[PDB]
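Reviewing the structure listed below.
Here the Cβ positions follow ideal geometry from the backbone for every residue, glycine too, while neighbour counts run over all protein chains shown. Each reported figure results from applying straightforward, stated rules to the coordinates on display, with no laboratory input.
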Amino acid sequence: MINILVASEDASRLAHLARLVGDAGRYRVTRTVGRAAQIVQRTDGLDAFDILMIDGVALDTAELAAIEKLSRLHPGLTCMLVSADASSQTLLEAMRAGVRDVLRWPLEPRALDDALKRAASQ
Amino acid sequence: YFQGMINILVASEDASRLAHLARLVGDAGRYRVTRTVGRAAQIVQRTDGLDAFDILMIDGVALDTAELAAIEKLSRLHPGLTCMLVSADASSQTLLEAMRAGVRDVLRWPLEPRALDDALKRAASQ
């Protein structure tokens with residue numbers, strides 16, 4: 001089984017995301033209420049996870065700095081961003097912060113399934 | 001200070017674009033630039049030696065399904081290799097494809113020396 005950490009600062013959004021990830025396959029899903037900036041401070045344990053999924057709602061400079069610090073300290077961790085922002089500039093920022101995939105919000109189960117099978121290969 | 005430590009491989013099937021790119025990479029700093037005429041689809045077959053390089057630059061002039069498969073196979077087999085794509089295509093969809101194939105930076109074509117300098121200093125830190 002693949003071990004996935006799902007993160008958001010909105011519990012009702014987080015619950016929804018974790019269910020869809022569960023419906024996508026036989027993965028081991030874990031939920032956390034918090035920003036990337038907050039997971040950076042409690043970094044003790046991220047080595048257990050294969051995929052990190054961050055809900056890119058209030059995506060700014062501090063959050064991108066936190067994802068860059070997370071991806072750089074945990075190379076075996078595939079970071080994915082769930083955002084409604086489809087701009088080239090935001091994608092470029094995410095890419096430069098070490099994000100290896102970006103899923104659209106609202107989440108499409110076909111898109112998510114394909115995304116999780118790509119990360120499962122590595 | 002010492003950039004001569006950074007080994008860059010520059011690749012394109014178009015010798016004219018390749019020469020130009022390698023020239024600008026040289027002007028960007030004291031890096032060790034190596035040129036290769038060919039697609040990523042061809043570099044995947046001649047994989048013997050990529051462990052020597054820190055940055056791989058691919059010309060998006062030949063960007064298709066086979067190239068994206070080749071870049072994904074290259075990036076996955078060489079994690080210490082930073083892959084960069086030089087493309088004129090600024091679409092969100094192409095960026096997303098590159099990202100998904102393991103491309104860690106995308107530079108516009110025609111190449112802007114300020115953009116390139118910033119991009120190469122970003123990859124040089126890691």
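With springs only between Cα atoms under 10 Å apart, run a GNM on chain B and tell me which of B:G38, B:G26, B:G102 wobbles the most.
Ranking B:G38, B:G26, B:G102 by mean-square fluctuation puts B:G26 first.
In terms of Cα to Cα distance under 12 Å, which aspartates and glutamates are near enough to A:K69, apart from those fewer than 8 places away along the same chain?
none
A:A58 to B:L77: FRET efficiency via 1/(1 + (r/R0)^6), r the Cβ-Cβ distance, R0 30 Å, to the nearest 0.05?
Numbers: r = 36 Å, r/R0 = 1.21.
Calculated value: 0.25.
Under 1.5 on a/c is rounded, so check that first for chain B, then, if it is not, pick prolate when a/b is larger than b/c and oblate when it is not; a ≥ b ≥ c are the square roots of the alpha carbon gyration tensor eigenvalues. Spell out each step's value before the answer.
Values: a/c = 1.37, a/b = 1.19, b/c = 1.15.
Rounded shape, in that the Cα axes give a/c under 1.5.
Collect residues whose amide H, placed 1.01 Å from N in the peptide plane, falls under 5 Å from the amide H of B:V33; neighbours closer than 5 in sequence don't count.
So B:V33 has HN proximity to B:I8.
Which of the trypsin sites (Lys or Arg not before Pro) found in segment B:1-44 are in a DSSP loop and have at most 15 neighbouring Cβ atoms, other than their own, within 10 Å? Before the final figure, lay out each step's value.
Working: sites: B:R17, B:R23, B:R30, B:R32, B:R35, B:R39; in loops: B:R30, B:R39.
Filter output for segment B:1-44: B:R30.
What is the local net charge at B:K121, summed over the other residues whose Cβ is closer than 15 Å to its Cβ (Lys, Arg +1; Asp, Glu -1)? Don't jump to the answer; show the numbers that get you there.
Numbers: positive: A:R96, B:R30, B:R104, B:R114, B:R122; negative: A:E68, B:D27, B:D54, B:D105, B:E112, B:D117, B:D118.
Within the 15 Å Cβ shell, the charges total -2.
Give me the dipole magnitude in Debye, nearest 20, for the protein assembly as shown about the Cα centre, with unit charges on the beta carbon: positive for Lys and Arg, negative for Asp and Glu. Don't jump to the answer; show the numbers that get you there.
Details: 30 positive and 32 negative charges, 81 e Å.
Here the protein assembly as shown has a charge dipole of around 380 debye.
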